[PDB]
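Protein chains in written order, with the authors' numbering: chain A, 250 to 345; chain B, 1 to 4. Cβ coordinates follow ideal geometry from the N, Cα and C atoms, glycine included. Below is one structure, written out as structure tokens; comments come after it.
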Ligand SMILES: [Zn+2]
């Protein structure tokens with residue numbers, strides 16, 4: 250943990266539409282579209298979410314937080330993250 | 001955000 254290979258930890262959540270559906274009753278400020286685009290889906294347990302690829306989990310979100318930024322901060326090895334945001338983006342989140 |  251987390252998963253840093255090229256195979257998704259949860260294939261059933263690889264589709265954006267599948268992930269966005271999990272946010273049907275989302276009551277938190279952090280944007281659902283942004284979360285789903287960042288690879289996350291809701292567990293239905295508070296504001297807990299997990300990335301379908303690396304399986305990384307995030308909770309206790311702040312109102313203006315950026316999902317992609319938190320994804321890179323805690324799970325830099327995620328391959329979906331790499332594919333979507335690039336290595337420079339990730340490395341910059343962990344700048345000297 | 002906090003990881004879990
Ligand atoms: Zn991930």
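query, result
"Please classify residue 343 of chain A as buried or exposed, where buried requires at least 16 other C-beta atoms within 10 Å of its C-beta.", "exposed"
"Report whether the distance from the Cβ of residue 343 of chain A to the nearest heavy atom of ligand 2 is below 7 Å.", "The model depicted lacks ligand 2 and carries ligand 1 instead."
"Would you say the beta carbon of residue 324 of chain A is closer than 7 Å to some non-hydrogen atom of ligand 1?", "yes"
"CA-CA distance, residue 330 of chain A and residue 294 of chain A?", "23 Å"
"Can you determine whether any heavy atom of ligand 1 sits closer than 7 Å to the C-beta of residue 305 of chain A, and answer yes or no?", "yes"
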